[PDB]
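Letter by letter, the sequence shown follows residues 14 to 44, 83 to 267 in the authors' numbering.
Here's the structure we're looking at; comments come further down.
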Amino acid sequence: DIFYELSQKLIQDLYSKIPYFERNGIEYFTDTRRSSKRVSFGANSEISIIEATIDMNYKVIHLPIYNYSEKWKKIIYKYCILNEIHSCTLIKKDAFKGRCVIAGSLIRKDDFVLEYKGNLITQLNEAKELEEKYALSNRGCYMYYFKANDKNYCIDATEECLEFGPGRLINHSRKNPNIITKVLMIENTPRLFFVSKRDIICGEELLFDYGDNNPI
Numbered sequence: 014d015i016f017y018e019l020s021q022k023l024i025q026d027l028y029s030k031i032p033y034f035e036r037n038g039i040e041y042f043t044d083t084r085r086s087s088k089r090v091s092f093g094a095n096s097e098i099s100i101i102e103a104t105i106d107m108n109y110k111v112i113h114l115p116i117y118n119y120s121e122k123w124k125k126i127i128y129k130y131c132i133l134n135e136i137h138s139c140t141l142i143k144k145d146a147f148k149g150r151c152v153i154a155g156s157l158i159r160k161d162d163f164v165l166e167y168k169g170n171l172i173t174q175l176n177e178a179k180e181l182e183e184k185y186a187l188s189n190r191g192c193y194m195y196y197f198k199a200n201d202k203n204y205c206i207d208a209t210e211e212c213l214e215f216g217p218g219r220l221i222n223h224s225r226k227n228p229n230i231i232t233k234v235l236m237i238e239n240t241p242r243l244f245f246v247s248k249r250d251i252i253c254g255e256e257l258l259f260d261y262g263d264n265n266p267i
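What follows is the structure in structure tokens.
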């Protein structure tokens, strides 16, 4: 499916960051032109911390950010969302656990992991009808209902579009999740993303508790 094409994009991403991992003694998994969108930061005085925090050549979060204030984590998250920075992940298939998403290298606590990408649905009667259609067709359904900015939304990531990334494939755990969600309103549109709850080591599966009913 896209499962194989996505797995290759992720492997290629990993390959592009190896020189940076090796220079910095960071464990990773084994088995010319440049710019930033003006909308991805605020005042020009934010630029210094961003360029020190994120390596723009390899698109990695170079410095820890769990020590940054709320203001400055938001600045970093916003920047990663809009310039497509993400943690290094990989997909594994298996006869036992099915598909899963693992860390391709260390994910420090509070790092931006991945955006939960899909089609954003703002009318909930459209979402419920979509839900019924997927069930009737015996298709799976990767939909994420949430509340942000006092409004109800749904992100439908069911279509197998490479652009959605591997966020939608993360398995569920209430007992042992290692990521949580956050939302940033950017240009009037909620953007839903995962951040790590702690250091996630290389090879370790990403897990999320999909049952949290509270607002984000």
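Heads up, the beta-carbon is just placed ideally off N, CA and C, and yes, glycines get one too.
For the candidate residues the options, whose alpha-carbon lies nearest to that of residue i?
| i | options | result |
| --- | --- | --- |
| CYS139 | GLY149, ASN264 and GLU166 | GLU166 |
| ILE127 | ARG159, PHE147 and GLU97 | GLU97 |
| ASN227 | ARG249, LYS88 and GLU180 | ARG249 |
| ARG159 | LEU19, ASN222 and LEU257 | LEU257 |
| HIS113 | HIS137, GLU121, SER120 and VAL90 | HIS137 |
| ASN37 | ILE172, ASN264, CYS212 and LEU157 | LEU157 |
| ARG225 | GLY93, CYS131 and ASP263 | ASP263 |
| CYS205 | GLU40, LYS143, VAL234 and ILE132 | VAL234 |
| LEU213 | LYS125, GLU121 and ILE142 | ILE142 |
| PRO266 | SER20, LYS202 and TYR33 | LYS202 |
| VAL246 | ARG84, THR83, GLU102 and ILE116 | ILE116 |
| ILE231 | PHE215, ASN239, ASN189 and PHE163 | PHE163 |
| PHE259 | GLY218, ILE237 and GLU238 | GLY218 |
| residue 47 | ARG190, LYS168, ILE153 and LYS122 | Because the chain is numbered 44 and then 83 with no intervening positions, residue 47 cannot be located in this model. |
| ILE252 | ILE39, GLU35, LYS22 and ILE24 | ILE39 |
| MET236 | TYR33, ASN189, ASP161 and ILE132 | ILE132 |
| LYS168 | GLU238, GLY149 and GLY216 | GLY216 |
| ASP161 | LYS184, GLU121, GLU180 and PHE147 | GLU121 |
Go ahead and pull the three-state DSSP assignment for residue i.
| i | result |
| --- | --- |
| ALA178 | helix |
| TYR204 | strand |
| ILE39 | coil |
| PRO32 | helix |
| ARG219 | helix |
| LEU257 | coil |
| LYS233 | strand |
| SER247 | strand |
| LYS22 | helix |
Since residue i contacts residue j with CB under 8 Å, what's their CB separation in whole angstroms?
| i | j | result |
| --- | --- | --- |
| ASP207 | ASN170 | 5 Å |
| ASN229 | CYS151 | With 8 Å as the limit, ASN229 and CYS151 do not qualify as a contact, their Cβ atoms being about 12 Å apart. |
| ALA199 | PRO241 | 4 Å |
| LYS88 | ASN118 | The Cβ separation is near 26 Å, so there is no contact. |
| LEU27 | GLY155 | 5 Å |
| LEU243 | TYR195 | 7 Å |
| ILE31 | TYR41 | 6 Å |
| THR209 | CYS192 | 5 Å |
| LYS124 | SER91 | The pair is not a contact, with the Cβ atoms about 15 Å apart (cut-off 8 Å). |
| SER29 | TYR109 | 7 Å |
| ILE15 | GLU182 | Contact flag wrong, Cβ pair sits at about 21 Å. |
| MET107 | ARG84 | About 12 Å separates the two Cβ atoms, so there is no contact after all. |
Any heavy atom of the ligand COA closer than 6 Å to the beta-carbon of residue i?
| i | result |
| --- | --- |
| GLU166 | As for the ligand COA, it is missing from this structure, which has no ligand bound. |
Only counting runs of 3 or more residues, tell me where the beta strand (DSSP E) segments fall wholly within the region 128-193, in order along the chain. 140-143, 151-154, 163-166 and 170-172
Could you name each continuous alpha helix (DSSP H) segment of 4 residues or more that falls completely within the region 88-125, going from the start of the chain to the end? 98-104
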